[PDB]
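Two versions of one and the same chain are coming, encoded as structure tokens; call them structure 1 and structure 2.
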Structure 1
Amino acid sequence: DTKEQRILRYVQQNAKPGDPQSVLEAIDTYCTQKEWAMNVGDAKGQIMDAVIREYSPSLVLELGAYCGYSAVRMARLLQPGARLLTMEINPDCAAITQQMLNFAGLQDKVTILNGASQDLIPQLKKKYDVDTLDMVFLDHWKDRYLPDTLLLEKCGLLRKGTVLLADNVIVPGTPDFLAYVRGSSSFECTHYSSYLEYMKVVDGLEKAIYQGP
């Protein structure tokens, strides 16, 4: 079996069905005590929680689902009728994510979109009936953060006040993305210093609020 299957089995055996907080705690335990994994984790997760509660987004797009940790984390804080769309290129991860969601009881709030973000983003309006996004969580691959931000803008998916929250802007690091949003008058940026999931390694999130074209 894979690490991802091991994480899911651990949650199923150590968490309470329908209790998102116990799912997150189980994942964080497994990944602290047994096998590191690239979930956003509790340190950065606490910052995401604070952001989600501040903005109360009706529609969130996540880029990169993996095992569903961040999806669970965000979806548990969404208001009734709010939705999360999560894009995931790896079908094995998608299948783990869907089971993680189902176990947490959040399946009604979250839709997994299977494919590359660069292929799916342009389908959001016509295929998935999206108008504009309230929040985007970028946590996929570092080299996609800037191109996908530009593509979201081109596709008309950002509106004044859309919140972009980017993981791993320090490690692995997203220097082109940071230089771009920080230098652009189309984004108002804040850096949130934290730590790499499960490790004593400085990392951080960037919040970039879209200000219109």
Structure 2
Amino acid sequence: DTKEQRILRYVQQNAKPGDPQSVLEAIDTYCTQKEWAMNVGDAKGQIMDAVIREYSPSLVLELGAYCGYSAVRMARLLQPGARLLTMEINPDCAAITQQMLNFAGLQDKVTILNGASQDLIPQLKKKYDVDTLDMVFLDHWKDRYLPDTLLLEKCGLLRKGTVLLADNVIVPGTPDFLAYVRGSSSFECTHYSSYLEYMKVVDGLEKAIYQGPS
């Protein structure tokens, strides 16, 4: 039994359906209980929340779903009419994330895309009717942060003000991505520190707002 399975089972047994906050808490509670290092957790969750509230995106792209914690986190704050597109390379994680969202009552707002970002990002404009993204949450594989950022620019998916929020830019680290956005005039960058338990290490998120092409 994978951890994602066990998490979903726990949520379905303890949280309240259509109550996104209770789903998030049950995930946080269980993971804590089992001492599993969380992919996001509530503290980073609070940073994601503030970014969503601050920019009120109508169309969000999430790279990496895992058990669907961040998807529930983001979808619950989206306005009616808004969409979250979530890319997940692992079919089994995709399946869990769908169930998680169904249970939270948020499935209407989310489209799960199963596959690698390098395969799926170029399909956005036409297959999923995307003009430009309002926000991108990067939480997939470290070595695809910078290439996917370049790919999103190339596909014309970013506009001035598009908010890229990247997780784990310190641990395990995305230094090349950071060097790129902090040094590019195409981005305005803010850093948010946050602590990873068990490893007991300060990690961080980078917020990088697209300014348009150079």
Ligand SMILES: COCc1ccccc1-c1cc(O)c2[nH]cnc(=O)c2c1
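Numbers given to residues start at 1 and step along the sequence of structure 1. Just so we're on the same page, rigid core means the largest C-alpha set that superposes within 1.5 Å between forms. Only residues modelled in both forms are compared.
Enquirer: Two copies of the same chain, shown separately. Which of them is the form solved in complex with the ligand?
Expert: Only structure 1 fits here, because that chain is the form solved in complex with the ligand.
Enquirer: With the two forms aligned on the rigid core, which of the residues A37, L178, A26, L157 moves its CA by 2 Å or more between structure 1 and structure 2?
Expert: Going through each option, the one that shifts is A37.
Enquirer: Is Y198 among the residues whose Cα moves by 2 Å or more between structure 1 and structure 2 after superposition of the rigid core?
Expert: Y198 C-alpha, core-superposed: shift of 2 Å or more.
Enquirer: Check the Cα of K126 between structure 1 and structure 2 on a core superposition and give its shift in Å.
Expert: With the cores aligned, its C-alpha sits 1.0 Å away.
Enquirer: Once both forms share the same rigid core frame, by what distance in Å has the CA of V169 shifted between structure 1 and structure 2?
Expert: Its alpha carbon moves by 0.5 Å.
Enquirer: When the two are fit on their core, where are the runs of 3+ residues whose C-alphas each shift at least 2 angstroms between structure 1 and structure 2?
Expert: Listed in sequence order, the moving runs between structure 1 and structure 2 are 37 to 39, 196 to 201.
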